[PDB]
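As structure tokens, one chain now follows by itself in the form deposited in one PDB entry.
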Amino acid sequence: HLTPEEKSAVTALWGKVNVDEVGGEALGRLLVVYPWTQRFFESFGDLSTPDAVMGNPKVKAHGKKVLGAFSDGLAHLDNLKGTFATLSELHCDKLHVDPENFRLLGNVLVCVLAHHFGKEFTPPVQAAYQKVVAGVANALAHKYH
């Protein structure tokens, strides 16, 4: 439950995001900062150094898709379950991804938004985005069993 002030803040900032670029950056930093998450990405090739991770074309390409789904979620803050139901099933049944990883990615995304926007990423705007990333994580986890 974002307040109406929070909802408008999230939307405002997100319009300034290059979703493609930011997606690759967040996924790349996830793999660098928490290197055990590389377990799911053996098909992505070279992830052996920070430079290799950040420069990897598959990381950039996948980051685009991931943050695209995130972006679409922002239009349904009241119904995140509908947006992520199919992806939740995929991440559970096909990909076997521990949903604890979704929290890590959300916090990395918050760090990337802070890095990108600087002072514009104010403490209230961050609080709004923390509610968003927790909501996305919870929705992505909801079909696990």
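All residue numbers are counted from 1 along the displayed sequence. We call the rigid core whatever largest set of C-alpha positions still superposes within 1.5 Å between the two forms.
Quick note: we don't show the form deposited in another entry, though the next part is all about it.
A 2 Å or larger CA shift between this form and the one not shown, after fitting on the rigid core, occurs at just one of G45, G82, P57, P50, namely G82. Once both forms are overlaid on the rigid core, the distance between the two CA positions of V32 between this form and the one not shown is under 2 angstroms. Here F102 does not count as shifted, since its C-alpha moves by less than 2 Å between this form and the one not shown after the core is aligned. If you fit the rigid core between this form and the one not shown, you'll see the Cα of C111 move by less than 2 angstroms. The pair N138 and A75 is at least 3 angstroms closer at the CA level in that other deposited form than in the present model.
Cα of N79 to Cα of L109: at least 3 Å longer in that other deposited form than in the shown structure.
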